[PDB]
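Chains, contacts and geometry: an overview
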Amino acid sequence: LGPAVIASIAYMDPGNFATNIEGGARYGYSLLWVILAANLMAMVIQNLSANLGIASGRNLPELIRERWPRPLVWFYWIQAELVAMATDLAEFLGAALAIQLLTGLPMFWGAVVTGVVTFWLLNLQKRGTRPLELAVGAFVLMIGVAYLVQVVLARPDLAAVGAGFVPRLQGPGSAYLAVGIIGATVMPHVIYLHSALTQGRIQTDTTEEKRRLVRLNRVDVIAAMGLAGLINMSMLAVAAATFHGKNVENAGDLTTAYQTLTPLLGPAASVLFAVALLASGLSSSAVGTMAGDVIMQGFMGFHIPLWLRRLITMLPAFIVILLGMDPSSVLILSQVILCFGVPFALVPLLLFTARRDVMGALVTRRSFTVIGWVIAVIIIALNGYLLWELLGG
Ligand SMILES: CCCCCCCC/C=C\CCCCCCCC(=O)OC[C@H](O)CO
Ligand SMILES: CCCCCCCC/C=C\CCCCCCCC(=O)OC[C@H](O)CO
Ligand SMILES: CCCCCCCC/C=C\CCCCCCCC(=O)OC[C@H](O)CO
Ligand SMILES: CCCCCCCC/C=C\CCCCCCCC(=O)OC[C@H](O)CO
Ligand SMILES: [Cl-]
Ligand SMILES: [Mn+2]
Ligand SMILES: [Mn+2]
């Protein structure tokens, strides 16, 4: 399958559902340009991260640990852990919410059931992961194809669709959801993990052999990112055609998101959406847990036991549940926090991929490094404009 698949399941976590449905319901098609821009940003960034592991032989947390001063390494590890908890917050609550959509249990008992499954998910082997990892990939992909079909059948207003690709914002609320979309697509925890997925996969330590893996990875990433982008744009366009302007109660909330596929799936739309949300949440929550321990091992050299890390990341989920906070609102919030961790992940990535002592003959072309720094400035400005609107005028 490759690393572009383990990536792709992270681009369809409950965080993507929350930002797509809410974005289409609240702002129509006006944010389609964000999904396209963020998806093209991820293509460049994930290619740089993948080329870092192939060329250097180490992941990004390892290179920071071995090259940068100890206090800066500590800071970069702390912020990476905050990114890891925010990542798991959306994925754990997304699965717990899907439990409520399927069984009607309260969110607390949905999290208890989610907690037992995730702890049983760590005690897994390749012969046991294969039927479960293939099944969740089937459920999520089929729902994705359902939105590609539904966007055609829903007859979206093409004039509004076309205008939505023109970069425009509509107050602070549109910036909040746009930053959430960027964080949901350009995920910092995948930035650190993608370099670890490609670091050891080499049959002959040769520049010729390394270039092939770079070329083969570039095709697999762009093909995977193109498909994920079409699905995300379809899901936002279908939610826009379904809720935007209709003045429906709790429009954009994940409790009613199944109504986007009701004209296609009929009565099965509720179960098929909740099953997909559950398979998307359980699989991503295990992927992020495996990524967080790899991130800490790379930064600190050591790691806490896997059961303790799984226990710590559950606490913000139960706190949010006990606080009565709306799950769909905190899934979007977590994606916004993730987008604030993107610039930190990009600075070492852009510096390391431009060095010959790190990359060897595979130094990034000067143009793609410039494009990477432009993406870093755009995201810093977007995060700055958002923090500006949230604190003052
Ligand atoms: C902004 C939104 C981005 C959209 C992203 C591209 C989505 C289209 C890709 C595949 C759909 C292929 C399956 C759609 C075919 C449906 C069959 C159909 O249209 O049937 C007509 C019906 O009979 C009444 O005339
Ligand atoms: C995710 C990577 C693969 C994604 C592949 C999906 C391709 C869709 C891309 C662009 C569609 C834009 C079509 C251009 C239509 C714009 C119409 C327009 O600009 O309208 C002008 C008017 O002035 C407005 O106010
Ligand atoms: C160094 C800077 C990076 C770290 C600091 C910036 C990271 C997040 C910034 C703004 C998001 C704050 C959004 C505030 C929205 C209101 C929160 C709230 O009221 O509770 C949550 C709500 O219930 C459900 O979203
Ligand atoms: C909004 C702006 C977003 C920008 C959208 C641009 C579209 C680029 C899409 C895919 C390129 C992915 C490949 C990136 C090239 C990395 C390979 C490289 O530069 O160096 C190769 C070297 O052999 C190994 O390090
Ligand atoms: Cl409209
Ligand atoms: Mn995601
Ligand atoms: Mn809700």
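Residues numbered from 1 in each chain as written, not as in the entry; some residues may be left out. Chains lettered and ligands numbered in written order. Heavy atoms only, no water. Residues with missing side-chain atoms left out of burial classes, pairs and counts.

Structure determination for this entry is recorded as X-ray crystallography, at 2.3800 Å resolution.

**Considering the site of ligand 3**
With respect to spatial proximity, the complete set of residues near ligand 3 consists of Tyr-176, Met-325, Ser-329, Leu-333, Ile-337, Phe-340, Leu-386, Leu-387 and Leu-390. The separation between an oxygen atom of ligand 3 and a polar main-chain atom of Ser-329 is 3.3 Å. Going through the elements one at a time, α15 (327-340) and α18 (366-391) are the ones with two or more residues in the shell around ligand 3. Partitioning the shell around ligand 3 into residue classes produces eight nonpolar, one polar and no charged. (Near = heavy atom within 4 Å. Polar contact = N/O pair within 3.5 Å; in protein donor to acceptor, adjacent residues only side chain to side chain. Helix = DSSP H or I, 4+ residues; strand = E, 2+ residues; numbered from the N terminus. Nonpolar A, V, L, I, M, F, W, Y, C, P; charged D, E, K, R; others polar.)

**A few points about a nonpolar patch on the surface**
A surface patch of nonpolar side chains, amounting to about 710 Å² of accessible area, comprises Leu-141, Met-142, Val-145, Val-149, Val-152, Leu-153, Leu-227 and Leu-264. A total of six residues in the nonpolar patch trace back to one element, the largest contributor, which is helix α7 (residues 126-153). By relative accessible area, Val-145 is classed as partly exposed at 40%. (Patch = residues over 30% accessible without salt bridge, like charges linked within 9 Å, V, L, I, M, F, W, Y side chains within 5 Å. Areas by Shrake-Rupley, 256 points an atom, 1.4 Å probe, with all protein chains shown as cover. Salt bridge = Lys/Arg side-chain N within 4 Å of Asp/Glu carboxyl O. Buried < 20%, exposed > 50% of the residue type's maximum accessible area, 1.4 Å probe, protein only.)

**Concerning the pattern of salt bridges**
In total, this model carries nine salt bridges according to the counting rule given. A salt bridge links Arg-309 to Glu-81, with the shortest nitrogen-to-oxygen separation between them at 3.0 Å. Of the two residues, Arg-309 is situated in helix α14 (residues 306-322) and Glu-81 in helix α5 (residues 70-103); the sequence distance between them amounts to 228 residues. Neither residue differs from the other here; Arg-309 and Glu-81 are each classed as buried. Note that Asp-357 and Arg-355 form a salt bridge whose closest N and O atoms lie 3.1 Å from each other. If you follow the salt bridges from partner to partner, you end up with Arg-58, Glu-62, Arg-65 and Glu-66 in one network.

**Section: unusual backbone geometry**
Not every positive phi belongs to a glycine, and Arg-155 is a case in point at roughly 50°. Mapping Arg-155 onto the fold places it in the loop between α7 and α8 (158-164). Owing to a relative accessible area of 72%, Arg-155 belongs among the exposed residues under this scheme. Positive phi outside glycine occurs at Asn-247, with the angle close to 60°. Among the structural elements, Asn-247 can be located in the loop between α11 (207-243) and α12 (262-265). A relative accessible area of 74% places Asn-247 in the exposed class.

**As for the environment of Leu-105**
Secondary-structure assignment places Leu-105 in the loop between α5 and α6 (107-122). Take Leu-105: its relative accessible area is 33%, and that puts it in the partly exposed class. What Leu-105 contacts, discounting residues up to four positions off in sequence, is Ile-99, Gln-100 and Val-113. (Contact = heavy atoms within 4.5 Å.)

**Regarding the coordination of the manganese ion (ligand 7)**
In the first shell of the manganese ion (ligand 7), the protein supplies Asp-253 (OD) and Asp-326 (OD), at 2.1 to 2.3 Å from the metal. Of this pair, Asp-253 sits in the loop between α11 and α12 while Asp-326 sits in the loop between α14 and α15, placing them 73 residues apart in sequence. Of the residues examined, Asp-253 reaches a relative accessible area of 9% and is grouped as buried. (Donors = N, O, S within 2.8 Å, 3.2 Å for Na, K, Ca; no water.)

**Details of the site of ligand 2**
Around ligand 2, the neighbouring residues are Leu-36, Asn-39, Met-43, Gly-162, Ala-163, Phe-165, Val-166, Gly-226, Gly-229, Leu-230 and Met-233. In the complex, 46% of the free accessible area of ligand 2, which totals 700 Å², lies under the protein chains. For the shell around ligand 2, the element with the highest residue contribution is α11, accounting for four residues. Across the shell around ligand 2, the residue classes break down as seven nonpolar, four polar and no charged.

**A look at the packing of aromatic side chains**
As enumerated under the stated definition, the model contains eleven aromatic pairs in all. Cluster of aromatic residues (ring-pair linked, three or more members): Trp-68, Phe-75, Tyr-76, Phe-344 and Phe-352. (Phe/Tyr/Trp six-rings, centres within 6.5 Å; stacked < 30°, edge-to-face > 60°.)

**Focus on the side chain of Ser-283**
The residue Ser-283 is located in helix α13 (residues 269-300) in this model. Those residues within four positions of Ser-283 in sequence are excluded, and the remaining contacts are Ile-9, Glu-133 and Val-136.

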